[PDB]
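Have a look at the structure below before the remarks.
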Amino acid sequence: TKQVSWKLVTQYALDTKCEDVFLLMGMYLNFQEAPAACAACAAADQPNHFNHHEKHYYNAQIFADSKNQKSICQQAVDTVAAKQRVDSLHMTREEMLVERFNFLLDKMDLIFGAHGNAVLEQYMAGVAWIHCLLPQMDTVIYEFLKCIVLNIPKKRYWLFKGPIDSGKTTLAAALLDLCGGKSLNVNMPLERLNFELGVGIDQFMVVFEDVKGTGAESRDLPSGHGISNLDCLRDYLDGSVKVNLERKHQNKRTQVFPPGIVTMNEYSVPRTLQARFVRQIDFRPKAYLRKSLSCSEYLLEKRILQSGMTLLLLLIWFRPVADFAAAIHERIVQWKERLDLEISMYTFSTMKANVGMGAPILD
Amino acid sequence: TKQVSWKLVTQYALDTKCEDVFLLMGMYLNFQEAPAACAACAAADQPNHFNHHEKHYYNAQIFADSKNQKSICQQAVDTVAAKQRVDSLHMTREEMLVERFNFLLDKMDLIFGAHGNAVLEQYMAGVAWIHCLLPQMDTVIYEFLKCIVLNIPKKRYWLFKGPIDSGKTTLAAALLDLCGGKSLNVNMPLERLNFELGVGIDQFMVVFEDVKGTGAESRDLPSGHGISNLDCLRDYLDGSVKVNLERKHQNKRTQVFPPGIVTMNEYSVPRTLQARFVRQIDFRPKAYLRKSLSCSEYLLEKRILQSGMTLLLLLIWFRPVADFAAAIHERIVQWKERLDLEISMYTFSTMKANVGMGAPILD
Amino acid sequence: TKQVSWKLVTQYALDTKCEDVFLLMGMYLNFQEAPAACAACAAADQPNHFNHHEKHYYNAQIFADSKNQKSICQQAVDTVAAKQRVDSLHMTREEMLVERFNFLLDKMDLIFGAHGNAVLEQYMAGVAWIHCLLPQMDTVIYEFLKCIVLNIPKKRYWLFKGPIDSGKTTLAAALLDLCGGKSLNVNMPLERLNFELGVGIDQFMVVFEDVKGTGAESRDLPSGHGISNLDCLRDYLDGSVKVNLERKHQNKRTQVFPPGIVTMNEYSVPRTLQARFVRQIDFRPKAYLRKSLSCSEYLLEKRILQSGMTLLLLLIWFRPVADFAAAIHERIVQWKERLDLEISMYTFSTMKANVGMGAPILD
Amino acid sequence: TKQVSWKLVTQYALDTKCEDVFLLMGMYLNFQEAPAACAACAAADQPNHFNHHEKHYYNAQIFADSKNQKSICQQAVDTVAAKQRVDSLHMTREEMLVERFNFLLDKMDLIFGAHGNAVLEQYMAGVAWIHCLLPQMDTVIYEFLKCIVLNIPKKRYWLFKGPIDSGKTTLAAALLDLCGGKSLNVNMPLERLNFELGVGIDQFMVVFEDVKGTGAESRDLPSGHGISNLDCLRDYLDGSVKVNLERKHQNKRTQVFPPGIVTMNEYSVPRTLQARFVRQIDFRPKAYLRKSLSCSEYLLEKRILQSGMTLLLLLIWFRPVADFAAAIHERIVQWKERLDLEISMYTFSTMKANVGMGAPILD
Amino acid sequence: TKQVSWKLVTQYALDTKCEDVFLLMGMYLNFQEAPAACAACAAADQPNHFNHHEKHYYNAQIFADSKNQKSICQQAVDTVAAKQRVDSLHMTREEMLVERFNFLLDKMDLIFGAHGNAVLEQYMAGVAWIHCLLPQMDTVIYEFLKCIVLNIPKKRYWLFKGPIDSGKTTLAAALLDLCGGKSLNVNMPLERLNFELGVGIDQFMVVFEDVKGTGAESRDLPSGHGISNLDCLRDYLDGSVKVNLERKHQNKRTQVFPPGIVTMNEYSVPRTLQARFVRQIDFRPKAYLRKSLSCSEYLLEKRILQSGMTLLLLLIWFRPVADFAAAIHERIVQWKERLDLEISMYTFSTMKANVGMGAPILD
Ligand SMILES: CC(=O)Nc1ccc(Oc2ccccc2-c2nc3ccncc3s2)cc1
Ligand SMILES: CC(=O)Nc1ccc(Oc2ccccc2-c2nc3ccncc3s2)cc1
Ligand SMILES: CC(=O)Nc1ccc(Oc2ccccc2-c2nc3ccncc3s2)cc1
Ligand SMILES: CC(=O)Nc1ccc(Oc2ccccc2-c2nc3ccncc3s2)cc1
Ligand SMILES: CC(=O)Nc1ccc(Oc2ccccc2-c2nc3ccncc3s2)cc1
Ligand SMILES: [Zn+2]
Ligand SMILES: [Zn+2]
Ligand SMILES: [Zn+2]
Ligand SMILES: [Zn+2]
Ligand SMILES: [Zn+2]
């Protein structure tokens with residue numbers, strides 16, 4: 001009887017950085033149809049479909065006949081988890097960001113390509129908006145990446161502080177998507193905290209999203225455990241010593257907890273937790289930024305401002321090829337040519353001027 | 001020894017969107033009897049029975065002899081879950097609603113057909129009642145579907161507010177059945193909340209049914225955690241960032257939480273949770289609507305007002321073929337001809353007039 | 001069909017003291033590429049890669065074709081756990097430290113070698129800083145190792161007491177890395193404590209890191225259960241009787257709980273818990289040590305002061321070959337020659353003088 | 001393919017009373033090396049190594065090639081648990097103590113033998129110290145063994161009451177090691193108590209170590225649930241009726257809970273819990289006993305006073321061969337000859353005199 | 001390869017009413033030794049050993065070579081549980097007591113036989129003591145058995161009320177051993193109660209041992225939840241309706257909860273819980289009964305008063321052969337002849353007279 005290559009399914013999971021057994025089962029099954037009569041092949045909607053369709057077609061047909069599909073996908077997903085463990089100990093944090101970048105560029109190459117649906121001019125309007133959020137933004141993003149890559153103890157966490165609709169969440173999300181990693185909710189009590197901090201295992205960075213303090217009901221701020229919990233998580237935030245992180249059906253992982261961001265409202269920060277942050281960026285709602293967005297509907301509809309591709313487009317536009325690792329230089333040059341065709345320094349400056357007047361960014 | 005095609009059982013589960021292992025085992029076993037001497041074949045009661053009976057008959061006989069029935073059905077149900085994961089990432093939300101629509105029309109074609117038991121005139125009396133519940137109802141339902149399909153962050157949740165027996169529950173249920181998805185109970189404390197929000201995994205939409213607030217015992221309103229919890233679930237309701245949803249024996253899923261509805265009584269909405277809703281629809285008990293229903297017993301007995309087929313019948317009656325995706329145009333035309341035979345604009349208007357006088361809708 | 005040697009995978013896990021199934025899967029898979037065309041082979045970055053690449057290459061290719069990779073690695077990791085159990089009962093605590101030392105020297109030989117990236121002069125600047133932290137430091141570290149190796153009941157725990165940024169954490173971490181073992185958090189309540197103390201199973205030593213007391217909010221010290229819990233854990237700290245330690249999916253282990261350190265701020269120690277510690281070392285922030293470090297950035301960036309290799313480099317520099325077990329004498333002599341080439345007693349004394357003036361240690 | 005004898009691995013586990021799967025895996029693997037070139041064979045350090053090395057050598061080599069090591073050891077450990085169940089119902093409590101004695105004598109024969117490291121004169125100095133702790137000590141130990149062996153309901157528990165460093169813990173530990181069994185912590189609340197009392201399953205005796213009462217903070221005594229819990233555990237302490245004891249992944253065992261000791265500080269004992277103890281021994285710190293020990297460092301360093309071998313050495317020295325079961329008479333005579341060579345009634349009396357003056361026991 | 005008869009191991013478990021997998025493994029393994037050279041065969045200590053040794057000897061040797069012993073014993077123990085389920089629904093409660101009786105008589109035949117160790121005259125002294133505890137005792141025990149066998153709703157529970165050392169526990173234990181069944185602890189809160197009441201599954205009777213009430217600290221009575229809980233367990237105690245009982249890894253069993261006894265101190269019984277008991281027996285400490293026992297040491301030492309064999313010996317002595325089911329008449333006659341040889345109505349009456357004077361029962 002015909003036998004499926006577990007090695008080939010693993011290769012596909014490795015190529016797509018697949019961490020989901022059900023999505024792998026689903027993705028691998030869609031390869032069983034003939035590429036000459038396939039709808040998703042000729043339409044070129046997924047890169048993980050037409051490029052791999054030929055390589056996995058025969059194996060996918062065999063797979064469609066397996067009595068043991070879930071096990072095949074479990075070992076593939078486990079090999080992907082096994083790759084990340086080796087990487088976290090033998091890969092330099094620079095090579096870790098190049099990987100993330102190459103991943104974001106594949107998704108970029110797809111959607112802006114002659115078989116994609118996204119509009120590049122709209123993403124560049126996102127870059128305009130983002131570049132208006134803070135002064136020296138392209139340098140603020142570059143200083144963040146240096147900080148996260150270098151991972152220097154006690155100089156690893158940035159604090160984003162401000163009211164709702166100030167840009168703190170959007171930028172933290174954008175950077176989280178830029179570097180790769182997870183967002184964490186430390187508002188739960190110390191008891192259930194342990195399984196939450198375990199989500200941090202093998203992550204390149206974390207965002208402690210919307211951390212809450214107490215005695216701020218008078219400022220219309222809700223109470224939560226987040227601020228006090230963060231004072232107790234000194235070892236995690238400082239990253240001088242390794243910590244024992246827990247998650248279900250697994251021996252508790254030991255590692256230096258990841259660096260990243262903490263976001264919160266205008267709560268008073270305890271003296272001890274304040275010294276844990278190397279930098280603090282204060283965000284305030286600017287009327288021109290909100291009206292601009294209200295006029296540039298596509299930015300919300302397409303989730304452009306929360307996109308890591310948007311911050312990558314920003315770096316490609318503002319920074320020369322030398323500011324990127326040698327491993328993606330040819331990919332940077334290609335994106336630089338493409339962006340040049342769509343926008344210029346004069347038109348970009350006009351987009352920023354349109355943000356400043358709170359008018360639709362694109363005329 | 002004779003071997004069962006796991007691939008054929010999976011095909012049947014895929015055809016029927018089967019998420020239940022026990023119902024799949026049961027359904028597949030009933031196919032083992034001869035279609036020439038079968039009772040359920042000639043009676044034509046289930047579409048998932050006579051249309052598939054021929055295709056699965058021999059395999060069902062083999063299946064009846066298997067020592068491993070539950071495993072066969074586990075992989076079939078897993079492949080269905082795997083399809084939804086791929087769909088949630090590679091299918092447009094428009095194609096997701098066309099699927100739901102095609103599903104509802106199969107159930108419609110069955111029950112109103114020459115082997116069904118439901119009375120079409122009674123469903124059209126349901127449409128009358130529903131079309132009386134709010135002005136421009138056919139447009140209110142159409143604006144909801146646009147909102148849910150487009151899934152624009154911060155403009156994704158509608159609030160249905162009113163006392164008991166006002167129509168808010170009925171309509172939320174009707175729309176929930178129209179789009180497909182799950183209802184959620186956030187009245188439990190933050191601790192047990194996490195497994196509840198996980199029910200939202202791969203769902204096209206959610207309904208936070210009967211959300212309770214505090215300090216309303218004086219208005220004869222019971223206390224619950226629902227309102228405060230919803231303020232803390234800002235990330236979920238806004239859908240700008242992806243969230244980590246949990247459920248049993250599964251790695252915590254990351255996705256933009258689904259859009260939908262929140263239903264509640266006349267509790268004061270905190271300023272912060274009020275801005276999370278794009279639209280708020282106020283429902284008030286109308287005496288003519290309750291008496292009408294008291295006179296039109298069939299509507300409760302057959303659960304017509306909570307039916308998504310009822311809202312689909314409404315759209316088919318009020319909207320031209322062009323307001324529907326091209327993929328169901330032939331199916332719309334057929335239903336339009338069928339409805340024409342049973343009702344007219346003059347008789348429909350009379351049904352609405354009968355609702356307005358609180359008389360039985362059908363004379 | 002080709003069969004993988006489970007015995008060879010176990011041998012590799014045993015060689016590398018591997019306790020992680022996912023890292024073992026990952027490490028063993030990277031051996032499948034040709035050593036003549038391999039990138040990690042010629043670069044000589046991991047010792048667990050090029051030295052074992054030849055021995056495990058063919059088996060790794062077979063392993064890449066296995067339908068049962070996780071099970072193979074489970075038995076390998078279990079055999080490593082089984083080795084530690086036999087060792088904890090049949091190995092002298094002196095042989096246990098020689099093993100830890102040989103492990104640290106392999107990592108040392110790697111990073112300072114002609115294919116490593118670490119700078120030896122920078123580690124020796126770490127030794128300078130550490131040797132300034134307390135008087136007779138080389139003797140304080142040697143008295144700690146005697147204490148931990150001899151494991152005399154009631155004379156097994158040292159207390160490191162002082163404010164934040166005093167050196168207590170750094171040194172406890174450094175010694176914990178020197179001896180091998182785990183850090184424990186006893187700040188959680190007595191209920192969840194049991195699974196925490198189980199982390200101590202087969203450990204050569206433990207560090208109860210940052211133990212908190214009550215009624216110290218007035219000294220800007222946060223409350224925690226740690227101090228009271230430690231009074232109740234008399235049996236564990238005294239080590240006269242064996243204790244029943246618990247962890248998931250395992251029969252509760254019975255053994256004399258490990259010795260080690262307790263770190264805490266300037267909380268009042270209850271009379272009963274004070275007598276449990278043979279020695280108490282008071283740490284105070286010295287301005288010259290902090291400025292020195294602020295000037296010697298490499299120490300934080302490379303985590304030199306928390307390194308057990310740093311304390312081993314210290315012992316190799318200060319102590320003659322006779323102060324080490326006979327089993328590592330040839331390894332001590334080699335490191336002594338290497339250190340001599342880079343630094344002298346005159347230049348070391350200058351480094352200490354630079355610490356004392358709070359200037360960058362290396363000129 | 002070569003097949004491992006599961007029966008031979010079980011025989012080894014049975015011989016060594018092995019209750020640990022990981023230690024069995026480890027122990028059985030060390031037998032695979034050639035006994036003619038083995039280091040642990042010629043050194044004669046473990047009796048479970050050289051005596052069994054020949055018998056298990058070939059099977060251990062086969063075992064080293066097994067793909068199913070953990071299962072083999074699970075059945076071996078289960079057979080050992082199965083032996084204890086049969087023994088607890090078909091073995092007389094006298095035969096149960098002879099087994100414990102034979103076990104202690106094997107460990108004794110090993111360490112004092114021409115390939116052991118322990119010094120017999122030092123253990124006899126331990127006997128001196130212990131024989132000074134209470135008058136008629138050799139008779140106090142003998143009355144305890146009668147009490148535990150006979151297991152007469154309501155006359156089964158002895159209470160050891162006194163301050164810290166009084167000898168109560170040491171003696172309870174010594175007797176617990178003499179009889180075999182487990183120590184229990186009943187200071188946890190009634191909720192978590194059930195899994196703690198389950199540790200008592202098949203145990204020959206138990207020690208409720210350091211039981212705490214309330215309203216004693218004024219005497220510098222910490223509060224705990226232990227005293228009240230013990231009043232509620234009337235059925236367990238009385239042993240007239242069988243009790244349902246619980247532990248993980250097992251059907252709740254029914255048996256007469258084991259007899260033993262309760263240790264506690266100078267807390268007031270409730271009238272009802274006082275009648276549950278047949279005997280109460282009051283321990284007070286004697287300055288001469290503490291100074292003696294401070295002068296006889298070897299006693300702590302080697303854990304001689306907590307050793308059951310120490311109490312066995314005591315009985316062998318004080319009691320004639322007739323006071324022991326006929327099954328160990330030849331073993332008693334041999335130890336009597338050996339002890340005679342090292343010590344005399346005159347020199348023993350001098351050791352006791354040295355304890356009484358608080359001087360080092362050995363001159 | 002030689003195959004073990006799972007059917008034969010099941011037959012042995014069925015014969016011995018074995019509910020323990022570990023004891024079955026142990027018992028079945030001891031049959032592998034030659035019966036001609038076996039020690040336990042010729043000594044005739046266990047009936048489950050020499051009578052079955054011949055029948056299971058060859059299978060036990062095969063079993064000693066099995067790689068799957070625990071599974072074999074799991075199916076045997078499951079078949080025993082399966083027998084009890086069929087019995088509980090198809091066996092009359094009279095046949096259920098005959099089974100219990102035949103079981104007790106096998107243990108009786110063994111211990112009093114020419115290869116047993118128990119003294120019959122001592123058990124008859126137990127009968128004397130028990131027959132003194134309450135007037136018309138032989139009739140009080142017979143009325144209890146009628147009550148439990150007939151199992152008439154609302155007339156199923158007897159209340160044993162009195163202080164400690166009054167006889168209530170002893171008699172409840174004696175009757176519990178007479179009928180077969182389990183003792184339950186309802187002093188835990190309603191939350192953990194559900195798994196406790198599940199112990200009642202397939203049980204012929206239950207004893208709610210030492211039920212505690214509140215507001216009795218003034219009478220030197222400890223507080224517990226037991227009394228209030230019992231008011232809430234109306235359905236269980238009344239046995240008119242079936243109840244859903246829960247236990248681990250099993251679908252919640254539905255049945256009429258078993259009848260039995262409730263024991264408690266002199267707490268006030270709430271009016272509602274008082275009507276749930278058909279009979280209430282008041283026990284008071286009698287000085288003559290305690291002194292008698294103090295003089296008849298063998299009764300405690302051998303646990304004669306808590307023995308169901310003791311109550312069976314009582315019925316055999318007091319009641320004619322006709323008061324027993326026809327199925328055990330030959331067994332009753334044999335015991336009647338045996339008892340006649342050891343004791344007479346005149347000597348029994350003297351034993352009762354010795355109890356009444358508080359003197360040792362046997363002269
Ligand atoms: C109907 C409705 O809810 N409308 C709505 C539309 C846009 C809104 O803004 C945002 C939404 C998402 C992400 C970022 C922002 C902003 N960032 C900044 C940054 C700085 N100064 C202002 C803003 S707003 C808020 C609400
Ligand atoms: C005996 C009994 O319980 N009778 C009963 C019968 C009908 C009732 O109404 C409803 C029941 C289900 C769904 C919707 C409604 C209503 N929707 C509106 C909408 C607007 N103004 C009024 C209503 S009623 C209530 C109670
Ligand atoms: C921006 C920022 O956070 N800077 C920073 C830089 C260095 C700091 O110090 C330390 C950091 C890690 C480990 C040890 C120390 C010290 N040990 C002693 C020991 C004795 N007297 C002083 C010290 S400091 C603190 C903070
Ligand atoms: C530095 C340090 O902690 N020293 C130390 C050294 C010895 C100590 O004693 C003991 C230690 C273990 C076991 C027993 C004892 C005693 N038993 C009795 C029995 C009767 N009267 C006195 C004692 S002491 C206490 C402390
Ligand atoms: C040293 C010690 O603890 N001695 C001891 C010895 C015997 C004791 O009694 C009993 C023990 C077990 C079972 C029953 C009884 C009694 N039943 C009745 C029944 C009626 N009036 C009196 C009694 S006593 C109590 C304590
Ligand atoms: Zn394709
Ligand atoms: Zn049919
Ligand atoms: Zn290599
Ligand atoms: Zn050997
Ligand atoms: Zn026998």
Side-chain angles (χ1 to χ4, degrees), chain D residues 3-7 10-11 14 68 71-72 74-76 78-92 150-156 190-191 193-194 201-202 228 231-235 238-244 246 250 252-254 256 270 272-273 275-276, chain E residues 19-30 32 40 48-49 64-70 73 77 81 117 164-165 169-170 172-174 176-177 182-185 187-189 191-192 195-196 199 207 209-210 212 220-222 224 247 299-303 305-306:
Chain D
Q3 192 53 52
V4 28
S5 169
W6 286 55
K7 183 167 68 162
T10 291
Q11 207 54 66
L14 285 164
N68 198 219
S71 302
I72 305 181
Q74 198 46 68
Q75 180 165 288
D78 295 335
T79 304
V80 182
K83 208 252 187 194
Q84 308 318 308
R85 282 282 217 284
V86 177
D87 287 11
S88 86
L89 302 168
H90 304 263
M91 201 186 259
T92 70
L150 299 177
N151 193 19
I152 300 139
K154 302 206 133 80
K155 300 159 175 74
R156 288 157 76 246
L190 283 156
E191 183 195 61
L193 254 197
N194 290 265
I201 283 156
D202 302 309
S228 61
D231 257 312
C232 306
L233 306 160
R234 195 197 135 188
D235 346 60
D238 277 347
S240 315
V241 306
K242 294 182 185 74
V243 280
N244 332 122
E246 63 171 55
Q250 179 68 20
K252 311 209 266 186
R253 230 279 259 200
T254 301
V256 162
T272 33
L273 174 62
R276 305 284 124 256
Chain E
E19 294 148 44
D20 188 355
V21 164
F22 289 97
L23 181 72
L24 183 54
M25 235 170 128
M27 291 306 284
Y28 218 82
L29 274 154
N30 283 0
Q32 73 162 114
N48 315 319
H49 189 93
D65 280 309
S66 190
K67 292 182 225 167
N68 198 219
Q69 307 187 323
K70 198 187 194 159
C73 301
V77 162
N117 276 140
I164 61 108
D165 303 320
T169 295
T170 309
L176 179 58
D177 197 50
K182 309 260 178 278
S183 39
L184 311 171
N185 172 42
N187 286 131
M188 47 190 59
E191 183 195 61
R192 297 169 56 88
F195 252 69
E196 187 67 26
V199 160
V207 180
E209 171 57 50
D210 221 50
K212 295 181 262 165
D220 206 38
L221 302 184
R247 261 213 274 98
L299 300 185
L300 291 186
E301 298 182 325
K302 321 277 186 66
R303 297 171 167 78
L305 314 160
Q306 303 75 16

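Quick note: numbers below take in every heavy atom, side chains included, and nothing from hydrogens, waters or symmetry partners. Just so it is clear: chains get the letters A, B, ... in the order the sequence lines come, proteins before strands, and each one is counted from 1.
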### Task
State which residues pass side chain to side chain contact (heavy atoms under 4.5 Å, CB included) with E/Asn185; sequence neighbours excluded, sorted by chain then number.
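Result, side chain to side chain contact (heavy atoms under 4.5 Å, CB included) vs E/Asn185: E/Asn187, E/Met188, E/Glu196.
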
Side chain, backbone, both or neither: which part of [X] has a non-hydrogen atom closer than 4.5 Å to chain E?
X	answer
D/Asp78	both
D/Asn194	side chain
D/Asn151	both
D/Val243	neither

Is there a side-chain contact between [X] and [Y], using heavy atoms and a 4.5 Å cut-off?
X	Y	answer
E/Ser183	E/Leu176	yes
E/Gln69	D/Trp6	no
D/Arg234	E/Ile164	yes

### Query
With distance as the sole test, does E/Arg303 use its side chain to make a donor-acceptor pair with the main-chain N or O of D/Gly239 at under 3.5 Å?
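Yes, E/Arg303 side chain to D/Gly239 backbone: donor-acceptor pair under 3.5 Å.
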
Part of [X] lying under 4.5 Å from any heavy atom of chain D:
X	result
E/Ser66	backbone
E/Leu23	both
E/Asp177	neither
E/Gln306	side chain

### Check against side-chain contact (heavy atoms from CB on, under 4.5 Å), D/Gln75 and E/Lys70
CA-CA 7 Å; D/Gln75 180 165 288; E/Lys70 198 187 194 159; 5.9 Å; no

#### Entry: Listed partners of E/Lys212 passing salt bridge (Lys or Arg N to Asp or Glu O under 4.0 Å), at least two apart
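E/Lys212: no salt bridge (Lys or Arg N to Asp or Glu O under 4.0 Å) contacts found.
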
### Query
Could you give the distance from CD (E/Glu301) to NZ (D/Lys155), rounded to the nearest 0.5 Å?
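NZ of D/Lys155 is found 9.0 Å from CD of E/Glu301.
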
### Task
Look at E/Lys182, E/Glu191, E/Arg192, E/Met25 and state which one has the largest set of heavy-atom pairs under 4.5 Å with chain D.
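Between E/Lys182, E/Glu191, E/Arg192, E/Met25, the count favours E/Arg192.
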
### Task
Look at D/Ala81, D/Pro153, D/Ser71 and state which one has the largest set of heavy-atom pairs under 4.5 Å with chain E.
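Max contact count across the listed options: D/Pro153.
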
#### Entry: Top contributor to chain E interface from D/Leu190, D/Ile72, D/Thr79 [non-hydrogen pairs under 4.5 Å]
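Result: the option with the highest number of such pairs is D/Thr79.
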
